[PDB]
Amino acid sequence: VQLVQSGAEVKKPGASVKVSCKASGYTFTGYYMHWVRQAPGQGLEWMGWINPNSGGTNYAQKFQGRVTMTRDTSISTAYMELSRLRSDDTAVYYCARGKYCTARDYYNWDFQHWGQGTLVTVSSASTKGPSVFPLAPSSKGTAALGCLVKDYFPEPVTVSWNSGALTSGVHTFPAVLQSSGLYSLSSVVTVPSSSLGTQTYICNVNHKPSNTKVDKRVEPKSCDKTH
């Protein structure tokens, strides 16, 4: 059984979004499909089910009048459309197939198979690549250095160090959402102080939603340089 969802979405308040869930490996019409969402760092929230045989649906009261679930049996695909979007709708949306065949007329709320999730970001902000600032080495013991990846939208970004060659001691933090509506994150690495004179450090930043890629050299401050 595989459930494969459509890609990430970005929407303005008041707009609508429609997420797809393509099923394979079983008889699509034979099982309820549910949708469940999860806001970043929050719990699971059930949204509704569809019976793909009949097209009948049932929605959580929270979304009644605002969510529509449909399917195309011809291509074994289920859809969830959420309208009048608000920033609070920013979340990962999942489809999940019930465990039992509808024909069993039994408990249809065991979520046995899940799609990979679809991130939907809702904001008045517009797509924007990050500024990447160095966080200069903290000593001329152990030193810390990093990159500040500031003012981008939407999530996500990826960071590596030295093209993936440097992994020990790296922490790329969860982004915070600034009052401005843009995200910011730091990626740091701890290293021996003695290596600052000789070892090059570059953070590799990739923000696919803006097709932005930046490799930033992080060097000791001029007052800390010896050559």
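Each residue number is its position in the shown sequence, starting from 1.
S.K.: Count of coordinate-less deposited residues separating residue 140 and residue 141, as none, 1 to 3, 4 to 9, or 10 or more?
M.R.: Per the deposited record, the segment joining residue 140 and residue 141 lacks coordinates for 4 to 9 residues.
S.K.: So 101 to 109 or 122 to 130, which one's hotter by mean CA B-factor in the entry?
M.R.: It is 122 to 130 that shows the higher mean C-alpha B-factor.
S.K.: Which has the higher mean CA temperature factor in the PDB entry, 131 to 139 or 87 to 95?
M.R.: Taking the mean B-factor of the alpha carbons in each, 131 to 139 is higher.
S.K.: Between 70, 29, 179, 58, which one tops the list for C-alpha B-factor in the PDB entry?
M.R.: Among 70, 29, 179, 58, the PDB entry lists the largest C-alpha B-factor for 179.
S.K.: Reading the B-factor column of the entry, which of 12, 22, 207, 18 has the highest value at its C-alpha atom?
M.R.: Reading the PDB entry, the winner on C-alpha B-factor is 207.
S.K.: Which third of the chain holds residue 145 when residues are ordered by C-alpha B factor: lowest, middle or highest?
M.R.: It belongs to the middle third of the chain when residues are ordered by C-alpha B-factor.
S.K.: Per the entry's values, where does residue 4 land by CA temperature factor relative to the rest of its chain, in the lowest, middle or highest third?
M.R.: Lowest third of the chain for residue 4's C-alpha B-factor.
S.K.: Among all modelled residues of this chain, ranked by Cα B factor, put residue 174 in the bottom, middle or top third, i.e. lowest, middle or highest.
M.R.: Middle third - that is where residue 174 ends up once the chain's C-alpha B-factors are sorted.
S.K.: Going by the CA temperature factor in the PDB record, which third of the chain does residue 38 belong to: lowest, middle or highest?
M.R.: For residue 38, the deposited C-alpha B-factor lands in the lowest third.
S.K.: Going by the recorded CA B-factors, say which third of the chain residue 185 sits in, lowest, middle or highest.
M.R.: According to the entry, residue 185 has a C-alpha B-factor in the chain's middle third.
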